[PDB]
2 protein chains.
Amino acid sequence: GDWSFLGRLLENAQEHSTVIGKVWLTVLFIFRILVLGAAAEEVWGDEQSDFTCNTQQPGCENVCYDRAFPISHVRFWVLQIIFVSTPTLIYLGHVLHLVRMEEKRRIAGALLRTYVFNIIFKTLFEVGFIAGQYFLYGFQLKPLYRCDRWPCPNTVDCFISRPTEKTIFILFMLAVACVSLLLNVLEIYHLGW
Amino acid sequence: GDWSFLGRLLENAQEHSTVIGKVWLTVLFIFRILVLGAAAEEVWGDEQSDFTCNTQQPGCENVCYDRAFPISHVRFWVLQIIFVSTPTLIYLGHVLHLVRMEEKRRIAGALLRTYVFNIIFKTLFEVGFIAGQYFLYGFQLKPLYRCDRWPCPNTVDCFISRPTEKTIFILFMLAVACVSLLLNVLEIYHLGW
């Protein structure tokens with residue numbers, strides 16, 4: 001996808017942010033957005049095309065792929081990026097609003113509360129997506145999925161495309177997410193002390 | 001098949017047999033041999049050809065047809081005919097042997113014991129095939145057979161050719177077999193009294 005606009009806004013955000021925040025935005029751009037576009041989207045491109053079920057039943061592969069993958073991992077990661085970035089956009093907008101207010105007439109007062117809330121929201125959204133992915137997929141895609149959804153007769157064996165590569169990238173993104181959490185914790189403590 | 005030779009021998013047997021025995025041989029020829037050749041063999045001709053299993057697994061239809069039908073009904077009926085007819089052949093041979101003995105030099109003495117044993121053996125073989133078929137197939141072929149024999153993955157649904165016609169003929173032959181039993185009982189009692 002085209003992340004250009006979000007890029008513009010977040011680049012603006014870098015200036016009005018802590019050094020650790022600039023590190024966080026670098027991580028977001030490089031290890032999350034760029035990995036997803038350059039590497040992961042191609043991994044998941046044949047997810048349903050090369051999903052195969054051992055059966056002659058029409059409609060079984062469709063319902064089985066749908067039950068195994070209610071949302072694709074890459075779409076989940078898109079949404080995670082958007083939601084962890086939204087607080088930064090809120091804070092940046094409040095900052096620009098105060099600048100416009102000054103013109104009509106760095107981090108302190110209302111902006112400090114807003115920045116702390118921004119880090120907080122980023123952390124909660126962060127953790128939330130991590131836990132949701134754990135409960136939806138664990139952290140390993142196995143090659144076999146056994147499916148008993150109508151119209152499949154009895155239980156059918158279905159086979160995943162590229163499960164090991166997908167597992168590698170699942171874990172890569174989990175690690176990047178954990179690094180982001182650590183960075184946000186560092187921001188909180190660094191402001192505190 | 002060509003039952004001509006057995007026919008010759010059994011025709012000979014008719015002369016040296018009771019009236020009820022001639023009825024029994026008429027039943028054998030007409031309602032068992034002729035039905036099998038004229039009607040049933042065509043019913044069972046497509047038994048494996050039109051046996052269908054819902055799967056893509058190579059070898060599953062073969063092992064599933066084999067598990068559902070370890071012996072075909074028509075082959076069972078062939079063997080039943082042969083074995084219920086063998087005692088009559090024994091008795092007829094003993095009779096011809098006594099005739100040859102007389103030439104070298106109706107039912108009484110040794111021939112009477114042999115005739116009673118012939119009826120007995122016919123009755124035991126009769127009942128035995130009936131009970132064996134009950135324990136192997138019951139008396140109704142259902143249209144669905146669920147098969148979990150390797151290499152079939154999990155349980156697969158397989159579908160029988162012509163199950164209702166096959167059931168009709170299964171029951172027809174059961175009835176003919178029971179009529180034969182009744183005739184043999186009548187022979188025993190008629191000799192007794």
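Each reported figure results from applying straightforward, stated rules to the coordinates on display, with no laboratory input. Note that we place each Cβ from the backbone using ideal geometry, even for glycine, and neighbour counts take in every protein chain shown.
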Completion exercise
Given backbone amide H placed at 1.01 Å from N, residues whose amide H is under 5 Å from that of A:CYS53, ignoring those fewer than 5 places away on the same chain, are A:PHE159
Problem - Amide H within-cut-off set for A:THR155, under 5 Å, with H built and near neighbours excluded - result: B:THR155
Problem - Once the Cα gyration tensor of chain A is diagonalised, semi-axes √(5λ) in Å - result: 42, 16, 14
Completion exercise
In order over the range A:50-56: 3J(HN,Hα) from phi, Karplus 6.51/-1.76/1.60, θ = phi - 60°, whole Hz, x for each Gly or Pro, gives 9, 7, 10, 10, 7, 5, 9
Practice task
Could you calculate the FRET efficiency of B:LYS142 with B:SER49 from 1/(1 + (r/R0)^6), where r is the beta carbon distance between them and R0 is 22 Å, rounded to 0.05?
Solution key: 0.70
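Taking the square root of 5 times each eigenvalue of the Cα gyration tensor, what semi-axes in Å does the equivalent ellipsoid of the protein assembly as shown have, largest first? Kindly include the intermediate steps, with their values, before the conclusion.
Numbers: eigenvalues 1645, 53, 45 Å².
In descending order, the three semi-axes are 91, 16, 15 Å.
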Practice task
Could you work out the mean count of beta carbons from other protein chains within 10 Å of each residue's beta carbon in A:52-59?
Solution key: 3
Problem - the range A:86-193, Cα convex hull volume normalised per residue, Å³ - result: 150
Handout entry: CD proxy at 222 nm, helix term only [per DSSP H run n ≥ 4: -39500 (n - 2.57); per residue of chain B; nearest 500]
Key = -21500 deg cm²/dmol
Practice task
Could you order peptides A:135-143, B:119-127, B:14-22 by the average number of other Cβ atoms within 10 Å of their residues, highest first?
Solution key: B:119-127, B:14-22, A:135-143
Problem - Within straight-line cross-link reach of A:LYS122, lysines at Cα separation under 28 Å, skipping those fewer than 8 residues along the same chain - result: A:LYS22, A:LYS166
Problem - Spatial separation of Cα centroids for the range A:66-131 and the range A:14-49, in angstrom - result: 15
Handout entry: Residues whose placed amide H lies under 5 Å from that of B:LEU141, excluding near-sequence neighbours
Key = B:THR167
Problem - Whole-Hz couplings from phi, Karplus 6.51/-1.76/1.60, listed for the range A:4-10; x for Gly and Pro - result: 5, 5, 3, x, 4, 4, 5
Completion exercise
at A:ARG100 the sorted inter-copy label distances (label 7 Å from Cα on Cβ side), in nanometres, are 12.4
